[PDB]
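Chain naming here is simple, since letters A, B, ... match the order of the sequence lines and numbering starts at 1 in each. As a basis for the values below, the full set of heavy atoms in this structure was taken, side chains included, without hydrogen atoms, waters or symmetry mates.
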Amino acid sequence: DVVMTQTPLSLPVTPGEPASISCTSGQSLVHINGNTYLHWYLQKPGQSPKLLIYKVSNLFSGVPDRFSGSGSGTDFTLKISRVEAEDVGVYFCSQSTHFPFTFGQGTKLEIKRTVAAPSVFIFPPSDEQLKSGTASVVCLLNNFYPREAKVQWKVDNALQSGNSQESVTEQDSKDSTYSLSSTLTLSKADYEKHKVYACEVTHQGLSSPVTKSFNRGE
Amino acid sequence: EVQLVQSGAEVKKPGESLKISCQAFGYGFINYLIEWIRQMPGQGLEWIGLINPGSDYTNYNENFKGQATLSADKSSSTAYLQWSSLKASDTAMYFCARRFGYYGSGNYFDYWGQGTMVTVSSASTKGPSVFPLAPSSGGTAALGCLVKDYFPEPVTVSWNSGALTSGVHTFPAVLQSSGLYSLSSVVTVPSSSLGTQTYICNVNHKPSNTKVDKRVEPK
Ligand SMILES: CCCCCCCCCCCCCC(=O)OC[C@@H](O)COP(=O)(O)O
């Protein structure tokens with residue numbers, strides 16, 4: 001099949017500046033009929049993709065002329081003359097020259113803003129939950145930028161592994177920040193074995209790692 | 001305006017089959033080129049195949065041949081996708097789309113169905129438990145609700161019956177090793193309000209007819 005490779009995987013952009021995204025196909029997209037059926041789509045979270053550019057360079061109806069497409073054979077480029085807030089989401093290249101039709105893996109355009117450190121919060125498990133035989137410990141990283149963040153769980157100074165899961169919000173449309181939750185899950189039997197529960201957060205916005213903790217009880 | 005309407009969300013067990021529909025509205029269904037494309041968890045687009053209802057023409061992604069069967073009913077203007085021997089990894093949003101006409105036609109369409117969410121799992125319907133994420137420290141405090149151990153997706157969470165939206169973050173669900181989902185919803189509020197203002201998260205899980213209001217208070 002014709003593999004389509006997109007770069008970069010992520011593109012933080014500041015509104016007003018130009019942007020450019022690349023798509024390479026593992027074989028020529030020039031059809032025997034002379035046309036090149038390479039298209040560009042933009043998808044927003046929770047929605048279907050929407051067509052921006054067809055056959056390399058033709059703007060789909062309604063698409064503003066700040067978008068353009070170029071390239072030939074195997075190498076293709078989508079460009080935005082000056083980025084606007086509305087341009088955010090996942091860009092996919094698409095080929096319909098060769099069956100099976102294929103797609104690139106996507107390039108995510110997000111808003112670049114100044115670095116913002118997370119506000120960190122820890123939540124002990126509730127009495128209610130404990131009664132049912134399980135303990136969830138939640139660590140919240142609120143309103144930070146950029147998305148890269150490290151959360152480590154320490155239980156009585158010991159590093160935890162394989163017992164936590166992380167979840168992340170979509171970039172806030174108004175303040176351009178992310179928020180993140182990390183949830184440590186233990187049996188009630190395992191939770192009452194230890195005292196100190198600690199969430200350690202590493203982020204570009206913080207001078208050094210920040211730790212919130214509680215002692216089981218108090 | 002041409003529209004494509006797909007059948008409702010499906011929950012299936014491993015090994016079962018499904019058949020989902022894509023209903024067209026407009027004359028000329030027989031000349032359509034209908035494609036099916038699925039999309040995995042915030043992931044890439046996987047092309048399944050294309051069908052022309054006016055002829056025997058079909059083309060299938062080889063990777064799904066003999067799981068997938070595309071068909072069309074010209075009398076009802078409906079296209080169908082059948083998928084046999086479903087696996088957990090077949091969990092995805094399934095779209096039908098009309099994008100192209102015949103080569104040389106000059107036709108570029110961008111008609112997409114609303115998508116059919118398909119969940120494949122051995123799990124049984126179960127409503128969530130809802131636990132408070134209590135605030136503690138005058139600046140701003142965070143609080144929330146942990147919505148644990150439900151199936152299938154989705155749940156909805158509002159605060160104070162939708163009266164509070166500002167500063168709320170409702171995280172995507174994660175699938176636990178038990179096969180049940182879990183999510184948290186948090187809000188940041190003024191510290192000074194904590195003594196006076198009530199905070200209740202309202203959790204609705206339609207697939208189980210579950211409605212839970214959980215009051216979140218300090219201590
Ligand atoms: C006698 C043979 C008829 C049976 C053919 C049925 C299957 C047709 C498969 C066609 C795939 C079309 C993919 C595509 O990219 O279409 C673009 C066209 O929209 C417009 O083409 P153009 O821009 O006018 O060259």
Side-chain angles (χ1 to χ4, degrees), chain A residues 118-144 147-156 158-170 178-194 196-203 209-216, chain B residues 41-42 123 126-136 141-151 153-157 168-188 201 203 205 212 214 216:
Chain A
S119 294
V120 185
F121 303 86
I122 192 166
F123 305 93
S126 67
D127 293 69
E128 219 215 322
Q129 193 186 16
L130 288 175
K131 279 221 317 310
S132 78
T134 191
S136 306
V137 192
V138 178
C139 182
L140 167 69
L141 285 59
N142 210 47
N143 296 352
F144 61 92
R147 177 167 178 249
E148 187 186 331
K150 189 216 281 188
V151 180
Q152 285 198 343
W153 283 101
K154 300 264 178 178
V155 176
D156 285 335
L159 190 267
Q160 297 302 116
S161 76
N163 51 191
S164 58
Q165 296 185 284
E166 283 186 8
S167 177
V168 67
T169 57
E170 287 310 293
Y178 297 92
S179 294
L180 187 161
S181 67
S182 178
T183 304
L184 175 68
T185 299
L186 302 184
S187 58
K188 178 204 177 200
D190 287 353
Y191 173 71
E192 296 284 339
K193 284 293 146 191
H194 302 291
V196 183
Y197 289 86
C199 181
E200 184 194 76
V201 175
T202 293
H203 187 269
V210 156
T211 299
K212 303 291 169 202
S213 65
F214 62 88
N215 309 307
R216 184 192 39 71
Chain B
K126 179 185 175 301
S129 294
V130 179
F131 308 112
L133 295 167
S136 54
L143 58 89
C145 285
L146 172 60
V147 185
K148 195 178 160 53
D149 284 349
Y150 66 94
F151 181 89
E153 276 268 67
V155 291
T156 58
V157 183
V168 170
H169 291 295
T170 297
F171 292 91
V174 292
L175 170 75
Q176 307 159 106
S177 72
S178 69
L180 307 180
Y181 296 97
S182 181
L183 73 69
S184 272
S185 178
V186 302
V187 65
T188 55
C201 70
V203 185
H205 187 236
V212 176
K214 200 75 194 178
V216 178

[atom1]-[atom2] distance between [X] and [Y], expressed to the nearest 0.5 angstrom:
{"X": "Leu159(A)", "Y": "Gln152(A)", "atom1": "CG", "atom2": "CD", "value": "4.5 Å"}
{"X": "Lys126(B)", "Y": "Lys148(B)", "atom1": "NZ", "atom2": "NZ", "value": "9.0 Å"}
{"X": "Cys145(B)", "Y": "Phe123(A)", "atom1": "SG", "atom2": "CZ", "value": "10.5 Å"}
{"X": "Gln165(A)", "Y": "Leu183(B)", "atom1": "CD", "atom2": "CG", "value": "12.0 Å"}

Shortest non-hydrogen separation from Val168(B) to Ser185(B) and the atoms involved
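Where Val168(B) meets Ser185(B) most closely, the heavy atoms are CG1-OG, 4.0 Å.
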
Heavy-atom pair of closest approach, residues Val216(B) and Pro135(B):
CG1-CD, 4.1 Å

Heavy-atom distance under 4.5 Å between the side chains of [X] and [Y], does that happen here?
{"X": "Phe121(A)", "Y": "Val186(B)", "answer": "no"}
{"X": "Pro125(A)", "Y": "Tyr191(A)", "answer": "yes"}
{"X": "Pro128(B)", "Y": "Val212(B)", "answer": "no"}
{"X": "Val203(B)", "Y": "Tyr150(B)", "answer": "no"}
{"X": "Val174(B)", "Y": "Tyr181(B)", "answer": "no"}
{"X": "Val147(B)", "Y": "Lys214(B)", "answer": "no"}
{"X": "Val155(A)", "Y": "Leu184(A)", "answer": "yes"}
{"X": "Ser119(A)", "Y": "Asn143(A)", "answer": "no"}

Among side-chain atoms of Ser179(A) and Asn142(A), is any donor-acceptor pair under 3.5 angstrom?
yes

Could you go through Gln176(B) and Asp149(B), starting from their C-alpha distance and side-chain angles, then the distance that decides it, and tell me whether this counts as side chain to side chain contact (heavy atoms under 4.5 Å, CB included)?
CA-CA 8 Å; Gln176(B) 307 159 106; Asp149(B) 284 349; 2.9 Å; yes

Evaluate the criterion side chain to side chain contact (heavy atoms under 4.5 Å, CB included) for residue pair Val137(A) and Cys139(A); output intermediate values, then yes/no.
CA-CA 7 Å; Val137(A) 192; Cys139(A) 182; over 6 Å; no

Donor-acceptor pair, side chain of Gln129(A) and main chain of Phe131(B), under 3.5 angstrom:
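A pair under 3.5 Å: no.
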
When you measure from the side chain of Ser182(A) to the backbone of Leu140(A), do you find a donor-acceptor pair of N or O atoms at a distance under 3.5 Å?
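Pair absent, no side-chain N/O of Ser182(A) close to backbone of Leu140(A).
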
Is the number of heavy atoms from other residues, nucleotides or ligands under 6.0 Å of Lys154(A) NZ greater than 12?
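Yes, the 6.0 Å shell around NZ holds more than 12 heavy atoms from other groups.
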
Can you label the angle between the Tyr197(A) ring and the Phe214(A) ring as parallel, tilted or perpendicular, going by 30° and 60°?
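Geometry flag for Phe214(A) against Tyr197(A): parallel rings.
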
Among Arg216(A), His194(A), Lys193(A), which residue satisfies the side-chain contact (heavy atoms from CB on, under 4.5 Å) criterion with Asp156(A)?
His194(A)

